[PDB]
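A short write-up of the structure that comes next.
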Ligand SMILES: [Mg+2]
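Residue numbers (the authors' numbering): 7 to 42, 57 to 205, 210 to 360, 368 to 437, 440, 442 to 970, 979 to 1037, 1041 to 1070, 1073 to 1121.
Structure follows, in C-alpha cells:
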C-alpha cells in the first residue's frame, strides 16, 4: 500500500545517502533499499521491519534520531508486487479484424517491460525501439476490456493477455541529463532522465492506428494480476491468431487513423466522414471498414440511407465486428430542416476533430452554434472543420506535453509541439479534402481548437483569409490574432453605419505617475436616435445605456449620449485593426446582472481585512435559498430566475410563477432537482455566494466632467426583492424601478487576483442624471490621478464587467496600492505576419500555462500565510497572471516556476489525485458548510382537464412518441447515460473529459434544443390551426400519453413539456372554470 516508499522524519542537513545504505545494512537486509527526506526500499516486506524498527528508535545518525513518517508518493513509480513488474515480454498492437480472434499485428515489440501499477491507475510498457526508451502508459480508465487470449494452440490456454483500449496511451521518451546523479539527498537502478511526451515512435505509426494491446506473458499463472484492478475482465477466454497488418502502415504523422487511397469516387461527406469516425469511436475496426466488400456495398446505395445506417451503427455500444452483416441486415431487410439552415437557425453541422498527441478522433457532423465566417460560407459548410488539440483523453493538453517547462535551462519544445505545428501547416488530409488553417477565435484559442478549411474548387483556402480581412498588411501578431478572432465571437449584426457618420473625438489621457494612462480606452457615445435604432436591431424594447460593439475594425463599448448628435462617435483609443466592414457587431449590452462572488474576490476581501466568518452568513442565506427549492415555491423567482441565468422565458418560470408546487409535477420536480444539484455543485466548486445588494455592471463613463477621483455613479434597476424593501441608507429613489447608489461601493474586475484591485470607490449623485440617462452601468470618473478601471487588475472600459456591491459586510476599510499595469508594446515587426507566425503563436499559447492553474496556485498559497494575499509568492503569481492575460497582446508564453507549483491542495478543491490538507484558515469553512448543507401521483387530469378539458382523443401523441420519443431516446443514447429524457443543457452524471464542460454541454444542449424544436415543428406540422382544435388537442394528447400512460413503453415525461407553453396558457385561461 506504501509502494515500498516511506517518508523520513526530521534529518540533519548533512545527511549522507551512501552512509544511509551502509547504516541500513546494520539496520535491515542486504541491498534492500531502492532509492534515497524520503527513502524507498526494494520490497514492501522489509517496510514492516523498517516501520517496526523506527518505533524502537534503533536508527540514529549524528545525535539526531530519524523516524519513519507517514507514507508519501514514491520517488520513482515501481509496483510493490515483484510479479506485477513483468520483464522481457512481447507486445503487439492492432484491431481484431472483424472476427474478435484475428489480431492485426501492426508492429511487434520484444523486450517490453510491463509494470502493472495497482495503487496508481496506470499500466506501463517500456519499448526500446532504436536507441530511445519510449514508455507507454495505458492508464486504467483507458482500458475498456481486458481478455485472456490463446496465441498458441489449445495447450496453455491462457498464454496471451489482450487489452482493448479506447483513448490511447501516453508515449514518452528518455533524454540524457548530463548532470551529477547523487546530489547528496539517489536511485540504484539507473533511473535517470525525464519523461517528455512524444508522438508515436513507430515508423509505420502502429500506436496511433492500433486500438488494442496484446501482451505475451510467459506464464499463465498470473491470475492474481490482471484482475478487477484491470477494468472489465470477463472470465471467458478466446483463442487469438495473428495476421499481417502491413497494409495498414502509414508514414504520414497527420491523421494516423484514417483509411488508404483505395476509393475510386466514394463520397467523403457521407462515408469517409462516417467510416473513419466509426473507426475512431471503435464501433467498427479499421479492417472492418477498409475491406473492399463493405466499401462497395456502401457505394451501392444512396448517401441518405448510408448516412442513416452509419448513424445507427454509431448508436451501438460494443464493437460491431462485421459491419457488412449489419449493413446487409438493415438494407436487404431495410424496412423503409435543410443543410442551409445557418441563415435560418444559426446552427452549424461542423465536422469537429480531436487531434490527440498521437492520433486523430473525428466526431462526425454535430450540431452547434454557427459563426459569421461559416454564416457567409454556408454554401461550403461541409468543408469547414474545427480541430481541437487534446491529450489522448479528450482533456486539456498539459503544458508539460507541448514543452519541457521546469532544470529546463532553456524551454525546448517537445516533439508534440512540432507535431502541432506540422499538422497546422501541412493540414489534415481526409481523403480528397485537405483541410488548411484559416483562423481561430480568442475563446477558440482557450479551447485548444483551430478552424480548418479545405481547398475547394470554387473557393480556395486562401481566399477565405482575404474575405475575413486578415493577413493582408498586418504588422503585429497580436493584431492579426485580434482580426482573426473578432468576427468569430458570438455577435449579432446591427445596422450598417455610414463611413462619414462616425465622428472621432480626442482620446482622454492623463499620463501621470510616469506610466501613460488613458481614461477612455474603449468608450464611445451614440446619439439617441441611433441608440433607439440599434435597440430595435438588437431586440430590446428599452434603450440600453451602452453597447459592446465591433463596428469596423474597432472594438469597444459605446454608451448613449442624448446631448450629442453624432451617429456613432467612434474613438481613436479603440485601435485594434482597419477594415471596410462598416457594420455594427453588438455582442452584449448593459444588463442588471445579478452579482456573485468568486474565490479570488473572496480571498482578496479576506486579505484586506474582512472577517472570514462574515462570508459564511451570505452563504448561509444562499444555502437557505437552495435548500428550500425542492419543498417551497420561494424558488419560483429566487433560484432559477436569479442564481441561474434563466430569465422569464423559461418554461419552469411559467409553471412555478402561476403553477403548482415544486413537488407536484414529476417533470417539474426532476428539473428543479437538476437545478438544485447544478447550483450546489457550482457553489461547492466556484463559491458563487450571491450578494443581494450589488451587481456586475458594464464599465462606462460620463463625458461630462463632474465625477472626480474616488467617485463613481452607479444606477441599478432594482430587483423584486429590493423593490419590496426599498429606501435604505445606500439607495436613493430616482424612478419607480430605478435607484442610484449613495453609499460606499467596492469595485473589482472578474479575475481580481492581485491584492489592491479592490477599489472601494464612493458612489455619488449627479444632478445631470436626466441629462445623461445612464442606467445599469457603472460610470467611472473622467479626471483624476489614475483611471479607476485601470486599478482593477489591468482592466479597461472595452466592454468589461466590473464587480460592485454596496454591503458594508464585505467592504474593505482600506485599499492596497495597485500595480503599475504597464501597457503592452505593439512591437510592429518589419517581417509582416505569415501563417507560420500565427501557428507559432498558437503553439506558444499551448505552452503558456492557463489562467486556471495560476488562480488555483494563488488560492492555495493564500491560505497558509500571515498575509493572505500580500505574500511574495502571491505577488509573483499575480504578476505572472498579468503576463498571461497580456499574452494575447505580447507573444510571450507564461511558464509558472516549479517553486510556485502547488505541492498540496486544500479540501475546498477536490484535487483528489494530489496531497490534501484541511483548510480551516481562510474561507475554508465555506466548503464544509456547503458539504453539511448537501449532506443533510397521477397528474393527467390536472394537465388535461384543467387546460384542454375538451375530449380531444387525437391519439397522434402515440405516433409522435414513436418518432419524437424515439428520437429523444436516440439522442440520449448518442451522448447521455442517465435517465434525463429532457436534458436541456443539463449536467450529465458521466464526465469523460471534464477539466470542455461548456463544449460538452453544447452538444447535449443543441441536440435537445433542436429535438424539442423538431418536435415543435412536428407538432406545428401536425397542427391544423384557431388552434383550439389543433394546439389544445395536441397538448391534451401529449398529456394523456405522458402522464396517463406513464406505464407505457415511452418513459418520456417531457413530450407535453415541448408544447408546455400552450398547456400552461390554457391552464391559466381555464383556471377560472377549472
Ligand atoms: Mg478588456
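Cβ coordinates follow ideal geometry from the N, Cα and C atoms, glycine included.
Extent of the continuous alpha helix (DSSP H) run through residue i
i, result
"residue 453", "449-459"
"residue 706", "700-719"
"residue 359", "Taken as a continuous stretch (DSSP letters only), residue 359 belongs to no alpha helix (DSSP H), as it is neither H nor E."
"residue 804", "803-806"
"residue 998", "998-1002"
"residue 316", "316-324"
"residue 268", "Where residue 268 is concerned, there is no enclosing alpha helix (DSSP H), although the beta strand (DSSP E) it sits in stretches over 265-268."
Per-residue DSSP class, three states only, for residue i
i, result
"residue 432", "helix"
"residue 333", "helix"
"residue 637", "helix"
"residue 1121", "coil"
"residue 300", "helix"
"residue 113", "strand"
"residue 395", "strand"
"residue 76", "helix"
"residue 910", "helix"
"residue 309", "coil"
"residue 628", "strand"
"residue 93", "coil"
"residue 138", "coil"
"residue 1035", "coil"
"residue 413", "helix"
"residue 985", "helix"
Classification of residue i by the beta-carbon crowding that lies within 10 angstroms, buried from 16 upward
i, result
"residue 202", "exposed"
"residue 707", "exposed"
"residue 108", "exposed"
"residue 32", "exposed"
"residue 223", "buried"
"residue 823", "buried"
"residue 517", "buried"
"residue 762", "exposed"
"residue 551", "buried"
"residue 324", "exposed"
"residue 347", "buried"
"residue 863", "exposed"
"residue 501", "exposed"
"residue 1103", "buried"
Residue i - containing beta strand (DSSP E), residue span
i, result
"residue 144", "142-147"
"residue 124", "122-125"
"residue 502", "Note, residue 502: premise wrong, no beta strand (DSSP E); alpha helix (DSSP H) at 497-502."
"residue 194", "190-194"
"residue 557", "557-560"
"residue 527", "526-530"
Notebook entry, point to check: Between the segment 280-295 and the segment 460-469, are three or more C-beta pairs nearer than 8 Å?
Noted result: These segments touch.
Notebook entry, point to check: Using 8 Å as the Cβ pair cut-off and three pairs as the minimum, do the segment 980-992 and the segment 1075-1090 touch?
Noted result: Counting C-beta pairs closer than 8 Å gives three or more between the segment 980-992 and the segment 1075-1090, which meets the contact rule.
Notebook entry, point to check: In chain order, what are the residues with a CB under 7 Å from some non-hydrogen atom of ligand 1?
Noted result: Selection output, chain order preserved: 829, 830, 832, 833 and 834.
Check: When the Cβ atoms of the segment 112-130 are set against those of the segment 81-97, are three or more pairs found closer than 8 Å?
Finding: The segment 112-130 makes no contact with the segment 81-97, as fewer than three CB pairs between them are under 8 Å.
Check: Hey, is the segment 898-913 in contact with the segment 787-798, meaning 3+ C-beta pairs nearer than 8 Å?
Finding: Under the Cβ criterion (8 Å, minimum of three pairs), the segment 898-913 counts as touching the segment 787-798.
Notebook entry, point to check: Is there contact between the segment 128-144 and the segment 94-101, where contact requires at least three CB pairs shorter than 8 Å?
Noted result: Yes: the two stretches touch, three or more of their Cβ pairs being nearer than 8 Å.
Item checked: the segment 1030-1037 contacting the segment 413-428, beta-carbon criterion three pairs below 8 Å -> Counting C-beta pairs with one atom in each stretch, the segment 1030-1037 and the segment 413-428 have three or more that are closer than 8 Å, which means they touch.
Notebook entry, point to check: Quick check: the segment 599-611 against the segment 791-806, are there 3 or more CB pairs under 8 Å?
Noted result: Flag = no, the segment 599-611 and the segment 791-806 do not touch.
Note to self: Does the segment 237-256 come into contact with the segment 65-73, if we say contact requires no fewer than three beta-carbon pairs (one atom in each stretch) closer than 8 Å?
What the structure shows: Too few Cβ pairs lie closer than 8 Å, so no.
Checklist line | Meets three-Cβ-pair contact criterion under 8 Å: the segment 716-735 and the segment 643-660 | finding: Contact between the segment 716-735 and the segment 643-660 is present, with at least three C-beta pairs closer than 8 Å.
Check: Using 8 Å as the Cβ pair cut-off and three pairs as the minimum, do the segment 930-950 and the segment 837-857 touch?
Finding: Between the segment 930-950 and the segment 837-857 there are fewer than three C-beta pairs closer than 8 Å, too few to call the two in contact.
Next item on the list: Evaluate contact between the segment 571-589 and the segment 621-633, counting only Cβ atoms and requiring at least three cross-stretch pairs below 8 Å.
Entry: Three or more Cβ pairs drawn from the segment 571-589 and the segment 621-633 lie within less than 8 Å of each other, which places the two stretches in contact.
Check: Is there contact here, the segment 266-282 with the segment 449-461, by at least three beta-carbon pairs under 8 Å?
Finding: Touching, yes, given that three or more Cβ pairs across the two stretches are closer than 8 Å.
Next item on the list: Could you tell me whether the segment 1006-1024 touches the segment 1111-1118, using the rule of 3 or more Cβ pairs below 8 Å?
Entry: Counting Cβ pairs under 8 Å, fewer than three are found: no touch.
Note to self: Tell me whether the segment 165-172 and the segment 253-265 touch, counting them as touching only if at least three CB pairs, one residue from each stretch, are closer than 8 Å.
What the structure shows: Judged by Cβ distances under 8 Å, the segment 165-172 makes contact with the segment 253-265, as three or more pairs qualify.
Notebook entry, point to check: Do the segment 191-198 and the segment 148-161 touch if we need at least three Cβ pairs shorter than 8 Å?
Noted result: Touching, yes, given that three or more Cβ pairs across the two stretches are closer than 8 Å.
Check: Taking contact to mean at least 3 C-beta pairs separated by less than 8 Å, is the segment 803-823 in contact with the segment 696-712?
Finding: Between the segment 803-823 and the segment 696-712 there are fewer than three C-beta pairs closer than 8 Å, too few to call the two in contact.
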